[PDB]
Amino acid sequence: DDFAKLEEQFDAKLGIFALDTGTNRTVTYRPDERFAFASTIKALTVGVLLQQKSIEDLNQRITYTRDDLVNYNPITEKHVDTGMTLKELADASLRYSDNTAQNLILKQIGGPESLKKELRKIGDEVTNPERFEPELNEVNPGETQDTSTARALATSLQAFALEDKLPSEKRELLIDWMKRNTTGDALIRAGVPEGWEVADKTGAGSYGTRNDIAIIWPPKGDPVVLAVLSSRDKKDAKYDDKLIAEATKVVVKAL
């Protein structure tokens, strides 16, 4: 099949789950194989924060120091002296994959164990958050720590973004941040036709893990939930975004 050929071409393992929410048609390929989730966890983490915080709670300014700063903080590194509101942290986390912003939000919801418990409550029995950034990326093959599957990540994203896990105004906030993501241009966005709206969160991890989860909107019809996960056999492997764009093109074709 086309996914097998992509795996061969890019020398990577692919994990795909797509659901057309209008028809219950799926496209699956290793949908239950585990991958380090990497920064895709940022979307589910804001999902849980929105469950717990009122809109006005998000105006709370969070202070942090240079000590809180980790390996990839494009926004938070620029606001040490001044702090950032929870709303600004959510924005940075989702649109820029700001790791410090993720860590600060994670603290607000009680850390990885609380995130896990909130995901279990919504019926996600698979996603296994244990760590903060960037050490949640330290995943070796065979391990389940800080991994999920294409099916579980898509379903949990669907839960927060499309279902009653959040009320409409919070669902819309989440979606708007994700629609306005800056990091996903070469991934699912590059694999959908013109006029399809995309709300995605990317991940990049060890073993050339390269992930993108999204809600995608055909010009006309119900949203499609999509998780495209990938990983490679060498720890220091580089990813190619094109794999995810091409897998998306196969998904779009099959639907």
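We call the rigid core the largest set of C-alpha positions that still match within 1.5 Å between the two forms. Residue positions are given as counts along the sequence shown, with the first one as 1.
J.: Could you say which moves further from this form in 5 other deposited structures of this protein, stretch 34-42 or stretch 66-74, by root mean square CA distance after aligning on the core?
T.: Of the two stretches, the larger average C-alpha offset in 5 other deposited structures of this protein falls on 66-74.
J.: Compare the mean C-alpha B-factor of 61-69 with that of 46-54 as given in the PDB entry, and name the stretch with the higher value.
T.: Stretch with the greater average CA B-factor: 61-69.
J.: Do the C-alpha atoms of 98-106 or of 79-87 have the higher average B factor in the entry?
T.: On average, C-alpha B-factors are higher across 79-87.
J.: Among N181, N140, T155, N128, where is the Cα temperature factor highest, going by the PDB entry?
T.: Within the set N181, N140, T155, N128, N140 shows the top C-alpha B-factor.
J.: Where does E194 sit by CA temperature factor within its chain: lowest, middle or highest third?
T.: Top third by C-alpha B-factor.
J.: Split into thirds by Cα B-factor across the chain's modelled residues, where does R30 land: lowest, middle or highest?
T.: Ranked within chain, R30 CA B lands in the middle tercile.
J.: Split into thirds by Cα B-factor across the chain's modelled residues, where does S114 land: lowest, middle or highest?
T.: As the PDB entry reports it, the C-alpha B-factor of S114 lands in the highest third of its chain.
J.: Please say which third, lowest, middle or highest, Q145 falls into when its CA temperature factor is compared across its chain.
T.: Its C-alpha B-factor, which the entry lists for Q145, ranks in the middle third among residues of this chain.
J.: Ranked by Cα temperature factor within the chain, is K170 in the lowest third, the middle third or the highest third?
T.: Middle third - that is where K170 ends up once the chain's C-alpha B-factors are sorted.
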